[PDB]
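Input: a single structure, listed below in structure tokens.
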Amino acid sequence: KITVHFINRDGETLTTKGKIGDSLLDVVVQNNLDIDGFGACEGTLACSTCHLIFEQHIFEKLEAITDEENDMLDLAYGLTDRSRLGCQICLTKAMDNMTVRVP
Amino acid sequence: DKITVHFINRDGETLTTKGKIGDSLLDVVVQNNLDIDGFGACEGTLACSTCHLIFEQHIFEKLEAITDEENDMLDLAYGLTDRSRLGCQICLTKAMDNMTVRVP
Ligand code: FES
Ligand code: FES
């Protein structure tokens, strides 16, 4: 299991654990993280609520983005150069102790 | 609450409740605890399509003009029709009394 920190929109840092292979939405849902609206479509690429902003060194080694994710991601609020839809990103060793930001 | 709205749920059952002019249809659903699975998940912030509703033609054609934002998100909705709108963007007016909207 690995530690993941979430900077929520209110500014509070949510520290929690997930298992390698778990999506970031899985992490939010299982641990009942208090992130308003997160995971609206329950990970079917029909919403932008699971948008997360990653550290650059983490972002650059994420799995190649699919066109389906990109179309949904295009509509997210507060898009950055390090943005992905969290329901598509699964935990890896390199993410231990990483921080993600909820825009 | 002064006007009646009939919601045809995904199971084909009709849920009837009331709201006041000025409320969104999302408000009407969530404030009355209607049993519509996952409806309103992004909380009216135009970031999902879980509040998708299908309107009868005579009501649909009287609705407020759809924004590009709403249209862009509605495009990717399940069961999108010509008479579809995002419910959280639709404010109740007096004309909507006894209208029927359907959840795909
Ligand atoms: S939960 Fe909707 S696209 Fe990620
Ligand atoms: S509740 Fe998400 S867009 Fe209407």
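Could you identify the single residue in B:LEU86, B:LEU34, B:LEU26 that is surrounded by 13 or more Cβ atoms within 10 Å (Cβ to Cβ), within 14 Å of chain A (Cβ to nearest Cβ) and more than 16 Å from ligand 1 (Cβ to nearest atom)?
B:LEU26
Take the residues of the range A:37-68 that are under 17 Å from A:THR3 (Cα atoms) and in contact (Cβ under 8 Å) with a residue 40 or more places away in the chain: which is nearest to the other protein chains (Cβ to nearest Cβ)?
The residue in question is A:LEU52.
Is it the case that A:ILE20 is more than 16 Å from ligand 1 (Cβ to nearest atom), in contact (Cβ under 8 Å) with a residue 40 or more places away in the chain, in contact with a helix residue (DSSP H, G or I) (Cβ under 7 Å, 6 or more places away or on another chain) and not in a strand (DSSP E or B)?
yes
Take A:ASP10 and tell me if it is more than 16 Å from ligand 2 (Cβ to nearest atom) and in a loop (DSSP other than H, G, I, E, B).
Answer is yes for this residue.
Can you tell me which of (1) facing chain B (nearest Cβ under 9 Å); (2) assigned to a loop (DSSP other than H, G, I, E, B); (3) of a type outside the set (A, V, I, L, M, F, W, C) is the one A:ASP71 doesn't meet?
Exception for A:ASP71: condition (2).
For the range A:45-73, name all the residues that are out of contact with any helix residue (DSSP H, G or I) (no Cβ under 8 Å at 6 or more places or on another chain) and within 13 Å of ligand 1 (Cβ to nearest atom).
Selection gives A:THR49, A:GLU68, A:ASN70, A:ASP71, A:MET72, A:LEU73.
Can you tell me which of (1) assigned to a loop (DSSP other than H, G, I, E, B); (2) within 18 Å of B:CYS42 (Cβ to Cβ); (3) β-branched (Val, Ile, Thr) is the one A:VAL29 doesn't meet?
Exception for A:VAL29: condition (1).
Can you name the residue in the range A:74-91 that is over 14 Å from A:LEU25 (Cα atoms) and out of contact with any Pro (no Cβ under 7 Å at 6 or more places or on another chain) and, of all such residues, is nearest to ligand 2 (Cβ to nearest atom)?
Among those residues, the one meeting the criterion is A:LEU75.
Rule-based calculations on the coordinates, nothing more; no lab input. Don't worry about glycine lacking a Cβ; one is built from the backbone with ideal geometry, like all the others, and counts go over all protein chains shown.
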